[PDB]
Amino acid sequence: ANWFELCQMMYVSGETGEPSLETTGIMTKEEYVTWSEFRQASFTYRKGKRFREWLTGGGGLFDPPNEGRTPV
Amino acid sequence: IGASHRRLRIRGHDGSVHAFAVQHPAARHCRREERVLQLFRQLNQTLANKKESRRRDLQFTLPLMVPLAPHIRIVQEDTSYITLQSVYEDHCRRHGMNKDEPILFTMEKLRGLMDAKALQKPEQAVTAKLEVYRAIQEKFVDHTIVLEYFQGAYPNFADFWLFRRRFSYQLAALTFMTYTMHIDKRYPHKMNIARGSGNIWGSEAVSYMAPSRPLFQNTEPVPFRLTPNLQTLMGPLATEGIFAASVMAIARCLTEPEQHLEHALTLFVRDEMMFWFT
Amino acid sequence: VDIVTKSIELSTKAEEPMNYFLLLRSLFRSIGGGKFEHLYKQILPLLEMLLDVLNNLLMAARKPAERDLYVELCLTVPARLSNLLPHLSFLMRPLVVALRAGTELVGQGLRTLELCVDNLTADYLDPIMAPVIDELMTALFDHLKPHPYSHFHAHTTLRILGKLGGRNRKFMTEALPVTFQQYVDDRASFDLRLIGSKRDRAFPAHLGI
Amino acid sequence: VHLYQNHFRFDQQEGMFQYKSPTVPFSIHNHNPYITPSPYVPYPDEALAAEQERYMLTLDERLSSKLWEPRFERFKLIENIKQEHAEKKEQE
Amino acid sequence: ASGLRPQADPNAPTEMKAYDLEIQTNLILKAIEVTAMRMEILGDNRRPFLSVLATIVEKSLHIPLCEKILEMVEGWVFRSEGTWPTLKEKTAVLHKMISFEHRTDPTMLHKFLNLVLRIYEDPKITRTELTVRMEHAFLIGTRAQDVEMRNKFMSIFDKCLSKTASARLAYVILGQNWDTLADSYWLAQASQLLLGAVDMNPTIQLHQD
Amino acid sequence: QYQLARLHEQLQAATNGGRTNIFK
Amino acid sequence: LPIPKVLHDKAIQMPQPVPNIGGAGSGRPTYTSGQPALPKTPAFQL
Amino acid sequence: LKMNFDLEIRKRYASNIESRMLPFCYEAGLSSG
Amino acid sequence: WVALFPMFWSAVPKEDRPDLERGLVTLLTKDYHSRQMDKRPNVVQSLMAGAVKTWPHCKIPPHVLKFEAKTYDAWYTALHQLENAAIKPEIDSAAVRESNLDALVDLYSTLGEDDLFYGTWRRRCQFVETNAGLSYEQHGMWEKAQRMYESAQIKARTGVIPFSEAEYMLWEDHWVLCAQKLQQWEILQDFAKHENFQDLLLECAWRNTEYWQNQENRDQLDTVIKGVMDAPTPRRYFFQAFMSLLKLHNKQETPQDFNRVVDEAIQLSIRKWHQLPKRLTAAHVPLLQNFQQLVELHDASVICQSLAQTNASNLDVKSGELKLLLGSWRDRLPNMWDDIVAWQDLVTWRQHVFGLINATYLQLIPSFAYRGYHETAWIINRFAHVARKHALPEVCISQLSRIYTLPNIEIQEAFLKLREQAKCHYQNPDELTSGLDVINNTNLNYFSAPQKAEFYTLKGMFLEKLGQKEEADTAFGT
C-alpha cells in the first residue's frame, strides 16, 4: 500500500527515474506543474481510515533514445 | 555387375505385395547354396529362442529360392539393394576417375618387378607388394568413400544413425557365417546392402573343399573380410561396442550344448561329402 | 432383407449410388444393440457378402468423406459378437483407417479394438491382426499426448496397451523402415546474391512445390 | 616413511598421504592390446586459449567448476557391512 | 457460454435484460464523457477513473463503449496538448487493449492495430518513450492473421532495418526480444526479415548441370 | 579447530576407524 | 479404467522447473537413469 | 527408517553461507532445514 | 529456416563470430521457450538443426546441446555433433575431449544403448580390470564383473598408478548395479541407510512384504515418500500410488483420492512418453511396463473394494470373481528376454496383492480360503524358470527353497511342489550327492503315473551320466 505516495514523494525529493517494486517495498511549464501537483502527496490526506488500518551498431525500431538514467 | 533379370510382383489375397527376381541363366552351384541357406534357416530358430541374441535381434538374412526348372529360379527380392562395387563405381563416376586404374596399376607394377629378381624378401611376404598396396591407397582409393556415399544418401541424420546401427549387427552375423563355413571368394560384388533397412545378404555362398582330400579349408591371408572402408563406415566406437560383442554372443548361443551343433551339421556335411566324392 | 439386398443391387446402376449407402447408414444407426435379435437372425445370411462389398468400395474411394461413410458402415453392422468372430479379418483395414481419422471414428475404432482384445485369446487374435499390426501400433502410439490433447483417447489407448502387456513390444517382423535418396549428386538449384556479399550462392529449386 | 613426488606413506601403510592434505589422453584413436585399432591412424596469447576452453566447458557440472584425493570410504563401508553380516550369519 | 454451473454466492455474477443493459450502458457513456472533460483538475480521483476504464476495456463486450474509449485514448495520445493523464499512464491503458487478440470478433482488434500503425508511422514519434513501450503491440501486429495488416507491419519492420545480410542475422540473433511471441513459431518472421537482404531483380536459371 | 577436525577425519579414514595398524 | 470429464486441476497444470533430488549426485558419467518433466537449468556465466 | 544426521554435519569442514548453514541446522535438530 | 541459416552464417566476418556464438547460446537457454515444449517443430529444434548443419564453422558447447535435446526432442541432432567431435576434436585440449565424451556417454545411457556405452567406456579407461569388468557386464556375467571392480579398487588403493575421477565413480556405481542384479538387497539397505540414498532405500524396502503391515513402519515410509516428492518422476509416482492403495485398504482414504493420484501418475507417464523419438527405441520398454503396472493398480483397487464390501458380512461364493480376475492376470507376463529387474518387480507386486488377499481371508476361517498361496507358488515357479534361463547363479535355487514353508497342502499345491521338484533337476555337474540323496528317498510315486514315469526317466539319465549303463537301461525301461 501507499506505493503511489512513495513514488510521488521520491519524484519530489529529486529521483525522476522509475524505481522498482522492491525499492518501494523496502524546469519547464509542464515539469513545474507536475512538481507542484506532486508536492501535495500525503499519507493521511483523506486517508485516515487507510492510515489507521495500515557493442551492437546499426540499431532497430525500439531502441531508447539516449538512456543513461537509472533509479536508486 | 555381370548379369540382369526381370522383376515380377504379386498381390496376395490379403493385400500384401511380394517381389521376385527371375534368374534365367541360373548358376551351376545352386543346390549347394540352397543347402547352406537351409542350414542357417534352421539355426535361426535357436537364435530366436536364446536370450542373449533375442534382446539384440540377431538373425541371419536368407531370401527364399524356388527352382522352376534345372536352369531357372525365382528369388525373393529387396528393391533397395546396392553392392559395394556399385558404390565404388559411383564414386569413380562422380570424381572423374577410371574404375580400372588400381588393377592396371597393380598388373603393371607386378609385371615390372617379376621381370626383375623375385627373391631376397624375408621368406614370402614380399615388401614390394606392401609398397604397391600403400601406393594404391595413397593415389587412388582412400578409406572414406563408402562412408561419404552413405552420408550423402541420407539427408536426415536419424535415418543414417538407425541404418548404421542395423548395419553393424548384420555385418557381425555375416562374419560369423563366412568364418565358420569356410566361404572363400568374398568379392565386393557379392555383398548386397539394403538401403531401406540396413540388411546385408551374401550371394553365392558355398563352402570350399580341398581338392586333394575331402575337408574344409580356406588357405587365405585373412580369416574374413574387414577392409578399411567397412571399418570407417562402422566407426571405432561401433566396432568396439557392437561388432566384436555380437560375434561372441552368437557363438555362445549356438554352442550352449555342444551336441546340438553336431546334430545340426551332420546331414549338411554328409551331402557335401557325397558331392565331393561324386 | 429386401431393403439391404435392393440397396446393394441398385447402387450399381444409379445416378447417385451414395444415396443407398446413406439409407443403409440410417437403418444401421437405428437397430444398434442386442435388442433386435429377430432382425439380427434375419440379416445373418447376408453378413459375409455385405462385408466383402463394403471392403471393395473402400479401396476405390477417392475422397475422405466417402471413405468415412464406408468405414462407419463396416464398423457398425447389426450382428452379435459371437457371430462376428468369424469374418473378423474383414474389419482390419477399416479399423486402421478409422484410427487415423476424426474424433467419432477414432472413438468407434478404440471401442471395437478394446472389445476384441477383451473377448479373445492371443493365440486366436494375433494371427488375424498380423497383416496390419505394424500400422495398427503406429496409429496407436500417435494418441499418447499430454493434457491439452483429448485425454479420453489417450487414456483409452494407454489402457489398451497395458492390457496387451508383453505383446505390445513383440509384433515387429522386419527391421525398421528408413528413407533414402536415390542419388548422391547435388540437387537442382539456382544462384542468389546477398546484398553485402561479393559472390553468388546456390538455392534449392524444391522448397514449396 | 617413504617419500615420493607428491605423496608419502608409512612403511606398513596401504594408502598414501598427499603433501597438500591435512598417448594423447582422452583420445579414442589410441591403441592397446585389449581393444581394436582405429582406421584414422597408422597401424600399431594463452588468454585466448583459456577463454575458448572456458566457453567450450559451458554447463559441464563437474569439470567447469574444477576448471582430488580419493579415500575409498564407500568401499570400506561395504567391506565392513559384509563382514558384519557374515559374522552374524556364523552365529546362526 | 463456457457452460459452468451457477453458485449460491451473493456476489455471484448475474444476468441482465437487454433494455436494462442498454440503459445502463448509455448512462455509463454519459458519465465517462462528463468526467473526461475535467482531466486537468481531477486530482486524487484520476487513478480510479483510469482503473475503471481499464477494467471495462478488459472485460466488456459492448462494441460502442470500447470504440468510444479507444477514440478518447487516441485523442489523448495525438491531438491533446495540455497536461496529460499522469503523463505516460495512457500507455498503461493501451497495454490492456492487447487482450483483443482472442475475442473471436476482430473489429476492436483491427481498430487497435490501425491505431498502433498510426503511432509507429508518425515522423514526430521516433526513438521516443512511446515507441519503446509499444513493442508488444507492434509484434502482435506482425503476427496478425489478417494478410493486409501483417504485410503493413512487416513492411514497416523491413523499412527500419539495415539491408546488409550479416547485420540482419545479427539483429535476429541478439537484436530483438522474442518473449512476446513465445507461444508461437516466430522463426517465420525472422526468415521474412532475413529475406529482405536478398536482391530480387536479377533473372534466375538452373545450373548448367 | 577446523585443521584438527580435518586431520582426525583423514586419520580415521586411513586407519579404517581404528581397525588397522599403520604404524607397525 | 475410469476416465473422468474435465480432469482435476492438479493433473492439468503446466510443468515447472525442478531441482535434482535423491542424494546420489549429478554429473556422474555412469549408467544410472533415475527424470522430471522439466529440470532446472544450471547457473553459468559467459 | 531413519536419516544419518551425522553424515551431513561433517560437511562443514569440507553460496558459502548457504554451505555452512545446513550443518548448523542439522546439528541443532532442525530436520526441515 | 534450416535452408537459409547456413548461407547467412558464411556472410558474417570471421572476427565477429564469437559474439554471435555467445548470443546463440544465450538465446537457446531462455526460460520462455517452456511455453512451447509440446509443439512439434518448436524453435529450439530449428535453431539446433541450423547450427549443427554448419558445425565446424559454428560451435555450440556439447552440454548445452545435451541439455536441450532431452527437453525438446532433438536427440539425433545432438548425437551427430557429439560423435563428429569425438572423431575430430575442434580444440587440442584434454578437458574439451573429456567433456565431449561425458556428454556422449550421458546421451547413450539415457537412450538405452548399452553396447555403444560399453564400447565408448572401454576405449577410454586406463586400468585393465575396468576393461574386463565392462566386458563381463556386457555379456550378463554380474559376479565376475563385481569381482573385477573390487580388484580394480584394491589395486588403485596402492597409489602407484594415477587414475581419473570418472573411473572412480564408475567403479562404485556399477558395483551397486551388479549388486542389484544379484538380489543383494539386505546389504544395500544398510548401505543406503548410511549414505542417505532415499530412492535406493525405497527400492530396498519395497522388497520386504511383511514390513508394510505395521502402522508405524508405513507411517515412517510415508515421510520418505513425502520427502522425495518435490521432484516427481514416474517411479516416485508409482510409490505414491501404492501408498494410496494401502491407505484405501485400511479405510483411511476415499476411492476418489486414489483415482486422482492414479490420474496424475498417468498424465506424467504420457508426458514422458511424448518427449522421446517417434520410432520405437529401447527406451520405450520401461514405459510400457509402467503402463501395465498402472492398469493393474486399478485392478487391485477394485479387488480391495469388492473384498471389503463382500466379506464385511462374511459372504462366501464371492471367490468366483477373484478367480476370474486372477486368471486374467495369469496371462499377462513380460517376455523371456526382458530385464530381470522387471520380473522382480512383477513378482513383488503380485506377492503384495496376494498377501493382502490372504490377510483378509484367513482370519475368517476361525478350500476357497487358500488361493493366494497357490497364486504365489505359481508365480514363484515361473520366476524360477525365467531366472534359470538367464543363467543366474543360485537365484532360482534360492527362490525354489523359499517355498518349503507353506501350509495348506492340497492337490494343486502338491502338483506345484512336484513341478518344483522336477525343475530342481538342473542337470549340472557336481550335483551327485544331492541326486543320490533324492534317489534314496523323496516323496511318494502314488500321486500320478506321468510324474513317476518322468522321475524314473530322470533317474535313468542321472545313472547313465554317473556310469551305470545297465541301471539306467532298467530304469527307463520300467
# chains A, B, ... in the order shown; residues from 1 in each chain; ligands from 1
call {"tool": "closest_atom_pairs", "arguments": {"of": "region 138-182 of chain E", "to": "region 58-71 of chain A", "cutoff": "8 Å", "atoms": "only C-alpha atoms", "output": "tab-separated table"}}
result
residue	atom	partner	partner_atom	distance
E:157	CA	A:61	CA	7.6
E:160	CA	A:61	CA	6.5
E:161	CA	A:60	CA	6.0
E:162	CA	A:58	CA	7.1
E:167	CA	A:58	CA	7.6
E:175	CA	A:60	CA	7.7
call {"tool": "residues_around", "arguments": {"residues": "region 26-40 of chain A", "least_positions_apart": "2", "cutoff": "7 Å", "atoms": "only C-alpha atoms", "output": "list in words"}}
result
residues 8, 12, 22, 23, 24 and 42 of chain A; 83 of chain E
call {"tool": "write_last_selection", "arguments": {"atoms": "C-alpha atoms", "output": "PDB file, in the first residue's frame"}}
result
ATOM      1  CA  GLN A   8       5.401  10.825  -5.858  1.00  0.00           C
ATOM      2  CA  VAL A  12       9.602  15.377  -5.413  1.00  0.00           C
ATOM      3  CA  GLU A  22      11.255  -3.864  -4.299  1.00  0.00           C
ATOM      4  CA  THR A  23      12.720  -0.372  -3.891  1.00  0.00           C
ATOM      5  CA  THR A  24       9.376   0.971  -2.669  1.00  0.00           C
ATOM      6  CA  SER A  42       0.473  12.844   1.652  1.00  0.00           C
TER       7      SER A  42
ATOM      8  CA  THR E  83      -1.054  18.482 -19.109  1.00  0.00           C
TER       9      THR E  83
END
call {"tool": "atom_distance", "arguments": {"atom1": "CA of residue 194 (chain I)", "atom2": "CA of residue 140 (chain I)"}}
result
29.0 Å
call {"tool": "residues_around", "arguments": {"residues": "residue 208 (chain E)", "least_positions_apart": "5", "cutoff": "12 Å", "atoms": "only C-alpha atoms", "output": "VMD selection string"}}
result
chain C and resid 188 to 191
call {"tool": "write_last_selection", "arguments": {"atoms": "N, CA, C and O atoms", "output": "PDB file, in the first residue's frame"}}
result
ATOM      1  N   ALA C 188      19.008 -29.871 -57.711  1.00  0.00           N
ATOM      2  CA  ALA C 188      18.867 -28.718 -58.590  1.00  0.00           C
ATOM      3  C   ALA C 188      18.722 -27.432 -57.786  1.00  0.00           C
ATOM      4  O   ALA C 188      18.035 -27.392 -56.763  1.00  0.00           O
ATOM      5  N   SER C 189      19.369 -26.372 -58.264  1.00  0.00           N
ATOM      6  CA  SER C 189      19.372 -25.096 -57.560  1.00  0.00           C
ATOM      7  C   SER C 189      19.661 -23.981 -58.556  1.00  0.00           C
ATOM      8  O   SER C 189      20.089 -24.223 -59.686  1.00  0.00           O
ATOM      9  N   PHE C 190      19.406 -22.748 -58.119  1.00  0.00           N
ATOM     10  CA  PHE C 190      19.782 -21.548 -58.852  1.00  0.00           C
ATOM     11  C   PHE C 190      20.572 -20.634 -57.925  1.00  0.00           C
ATOM     12  O   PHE C 190      20.630 -20.844 -56.712  1.00  0.00           O
ATOM     13  N   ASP C 191      21.183 -19.608 -58.508  1.00  0.00           N
ATOM     14  CA  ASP C 191      22.071 -18.717 -57.776  1.00  0.00           C
ATOM     15  C   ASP C 191      21.312 -17.528 -57.198  1.00  0.00           C
ATOM     16  O   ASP C 191      20.323 -17.056 -57.765  1.00  0.00           O
TER      17      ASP C 191
END
call {"tool": "residues_around", "arguments": {"residues": "residue 192 (chain C)", "least_positions_apart": "4", "cutoff": "9 Å", "atoms": "only C-alpha atoms", "output": "JSON list (two decimals) with N, CA and C atoms, in the first residue's frame"}}
result
[["chain", "number", "residue", "atom", "x", "y", "z"],
["C", 199, "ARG", "N", 29.81, -12.74, -53.96],
["C", 199, "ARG", "CA", 29.66, -13.94, -54.77],
["C", 199, "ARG", "C", 28.22, -14.42, -54.71],
["C", 200, "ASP", "N", 27.91, -15.41, -55.53],
["C", 200, "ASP", "CA", 26.59, -16.00, -55.61],
["C", 200, "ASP", "C", 26.55, -17.33, -54.86],
["C", 201, "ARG", "N", 25.37, -17.66, -54.35],
["C", 201, "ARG", "CA", 25.17, -18.88, -53.57],
["C", 201, "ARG", "C", 23.97, -19.64, -54.11],
["C", 202, "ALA", "N", 24.03, -20.96, -53.99],
["C", 202, "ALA", "CA", 23.01, -21.84, -54.55],
["C", 202, "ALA", "C", 21.80, -21.93, -53.64],
["C", 203, "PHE", "N", 20.62, -21.98, -54.25],
["C", 203, "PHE", "CA", 19.35, -22.08, -53.53],
["C", 203, "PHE", "C", 18.57, -23.26, -54.10],
["E", 198, "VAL", "N", 18.17, -9.87, -49.72],
["E", 198, "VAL", "CA", 18.48, -10.53, -50.98],
["E", 198, "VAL", "C", 18.01, -9.64, -52.12],
["E", 199, "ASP", "N", 18.75, -9.67, -53.23],
["E", 199, "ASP", "CA", 18.40, -8.90, -54.41],
["E", 199, "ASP", "C", 17.36, -9.66, -55.23],
["E", 200, "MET", "N", 16.23, -9.00, -55.51],
["E", 200, "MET", "CA", 15.08, -9.64, -56.14],
["E", 200, "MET", "C", 15.00, -9.41, -57.64],
["E", 202, "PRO", "N", 17.43, -9.57, -60.37],
["E", 202, "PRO", "CA", 18.10, -10.34, -61.44],
["E", 202, "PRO", "C", 17.31, -11.57, -61.86],
["E", 204, "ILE", "N", 16.88, -15.47, -62.92],
["E", 204, "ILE", "CA", 17.42, -16.70, -62.34],
["E", 204, "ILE", "C", 17.24, -17.84, -63.34]]
call {"tool": "residues_around", "arguments": {"residues": "region 177-182 of chain B", "least_positions_apart": "6", "cutoff": "8 Å", "atoms": "only C-alpha atoms", "output": "short mmCIF file (atom, residue, chain, number, x, y, z; two decimals) with N, CA and C atoms, in the first residue's frame"}}
result
data_model
loop_
_atom_site.label_atom_id
_atom_site.label_comp_id
_atom_site.auth_asym_id
_atom_site.auth_seq_id
_atom_site.Cartn_x
_atom_site.Cartn_y
_atom_site.Cartn_z
N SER B 207 30.58 -73.45 -49.48
CA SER B 207 31.80 -73.85 -48.80
C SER B 207 32.85 -74.32 -49.80
N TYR B 208 34.12 -74.17 -49.41
CA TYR B 208 35.25 -74.59 -50.23
C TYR B 208 35.89 -75.83 -49.63
N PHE B 216 37.32 -79.23 -45.10
CA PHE B 216 37.07 -77.80 -45.25
C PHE B 216 38.35 -77.01 -44.98
N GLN B 217 38.73 -76.17 -45.94
CA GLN B 217 39.90 -75.31 -45.77
C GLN B 217 39.66 -74.01 -46.53
N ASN B 218 40.37 -72.97 -46.12
CA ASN B 218 40.32 -71.67 -46.79
C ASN B 218 41.66 -71.30 -47.42
N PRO B 223 41.22 -64.15 -42.15
CA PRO B 223 40.14 -65.07 -41.75
C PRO B 223 38.77 -64.66 -42.28
N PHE B 224 38.55 -63.36 -42.45
CA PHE B 224 37.30 -62.86 -43.01
C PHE B 224 37.56 -61.47 -43.59
#
call {"tool": "closest_atom_pairs", "arguments": {"of": "chain B", "to": "chain C", "cutoff": "10 Å", "atoms": "only C-alpha atoms", "output": "tab-separated table"}}
result
residue	atom	partner	partner_atom	distance
B:14	CA	C:131	CA	7.5
B:15	CA	C:131	CA	8.6
B:16	CA	C:131	CA	7.9
B:57	CA	C:175	CA	8.8
B:80	CA	C:182	CA	9.3
B:90	CA	C:184	CA	8.9
B:91	CA	C:184	CA	9.5
B:94	CA	C:185	CA	7.8
B:148	CA	C:184	CA	9.5
B:149	CA	C:184	CA	6.8
B:150	CA	C:184	CA	8.4
B:151	CA	C:184	CA	8.8
B:152	CA	C:184	CA	5.3
B:153	CA	C:181	CA	5.3
B:154	CA	C:180	CA	5.3
B:155	CA	C:180	CA	7.6
B:156	CA	C:179	CA	8.4
B:158	CA	C:178	CA	8.9
B:159	CA	C:178	CA	5.5
B:160	CA	C:178	CA	8.2
B:161	CA	C:178	CA	10.0
B:162	CA	C:178	CA	7.7
B:163	CA	C:178	CA	7.1
B:166	CA	C:175	CA	7.9
B:195	CA	C:180	CA	6.9
B:196	CA	C:178	CA	5.0
B:197	CA	C:177	CA	5.6
B:198	CA	C:175	CA	8.2
B:199	CA	C:175	CA	8.1
call {"tool": "residues_around", "arguments": {"residues": "residue 23 (chain H)", "least_positions_apart": "6", "cutoff": "7 Å", "atoms": "only C-alpha atoms", "output": "CSV table (one decimal) with C-alpha atoms, in the first residue's frame"}}
result
chain,number,residue,atom,x,y,z
H,8,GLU,CA,25.7,-34.1,6.7
H,9,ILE,CA,27.1,-32.1,9.7
H,11,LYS,CA,30.5,-31.3,5.5
H,12,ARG,CA,31.0,-28.1,7.5
call {"tool": "residues_around", "arguments": {"residues": "region 13-27 of chain C", "least_positions_apart": "2", "cutoff": "8 Å", "atoms": "only C-alpha atoms", "output": "ChimeraX atom specification"}}
result
/C:4,7-8,10-11,29-31,69,72-73
call {"tool": "select_by_dssp", "arguments": {"residues": "region 171-394 of chain I", "states": "helix (DSSP H, G or I)", "output": "PyMOL selection string"}}
result
chain I and resi 171-181+185-195+198-206+209-212+215-227+234-249+255-274+285-311+319-330+340-362+371-389
call {"tool": "closest_atom_pairs", "arguments": {"of": "chain H", "to": "chain I", "cutoff": "10 Å", "atoms": "only C-alpha atoms", "output": "tab-separated table"}}
result
residue	atom	partner	partner_atom	distance
H:1	CA	I:220	CA	6.1
H:2	CA	I:193	CA	7.2
H:3	CA	I:196	CA	6.5
H:4	CA	I:194	CA	6.1
H:5	CA	I:196	CA	9.0
H:6	CA	I:194	CA	9.7
H:7	CA	I:195	CA	7.8
H:8	CA	I:196	CA	9.3
call {"tool": "interface_residues", "arguments": {"of": "chain E", "to": "chain C", "cutoff": "8 Å", "atoms": "only C-alpha atoms", "output": "list in words"}}
result
residues 163, 164, 165, 166, 197, 198, 199, 204, 205, 206 and 207 of chain E
call {"tool": "atom_distance", "arguments": {"atom1": "CA of residue 338 (chain I)", "atom2": "CA of residue 264 (chain I)"}}
result
27.4 Å
call {"tool": "closest_atom_pairs", "arguments": {"of": "chain G", "to": "chain I", "cutoff": "8 Å", "atoms": "only C-alpha atoms", "output": "tab-separated table"}}
result
residue	atom	partner	partner_atom	distance
G:1	CA	I:298	CA	6.8
G:8	CA	I:260	CA	7.5
G:10	CA	I:264	CA	7.4
G:11	CA	I:264	CA	5.0
G:18	CA	I:231	CA	5.8
G:19	CA	I:231	CA	6.6
G:20	CA	I:231	CA	7.2
G:21	CA	I:231	CA	6.8
G:22	CA	I:198	CA	5.8
G:23	CA	I:197	CA	5.5
G:24	CA	I:197	CA	6.3
G:28	CA	I:169	CA	7.0
G:29	CA	I:102	CA	5.8
G:30	CA	I:170	CA	5.7
G:31	CA	I:109	CA	5.5
G:32	CA	I:109	CA	7.3
G:33	CA	I:110	CA	6.4
G:35	CA	I:233	CA	5.7
G:36	CA	I:233	CA	5.3
G:37	CA	I:272	CA	6.6
G:38	CA	I:71	CA	6.9
G:41	CA	I:29	CA	7.9
G:46	CA	I:22	CA	7.4
call {"tool": "atom_distance", "arguments": {"atom1": "CA of residue 200 (chain B)", "atom2": "CA of residue 58 (chain B)"}}
result
12.3 Å
call {"tool": "interface_residues", "arguments": {"of": "chain I", "to": "chain D", "cutoff": "8 Å", "atoms": "only C-alpha atoms", "output": "ChimeraX atom specification"}}
result
/I:60-64,86-87,93-99,122-124,157-159,165,172,187,190-191
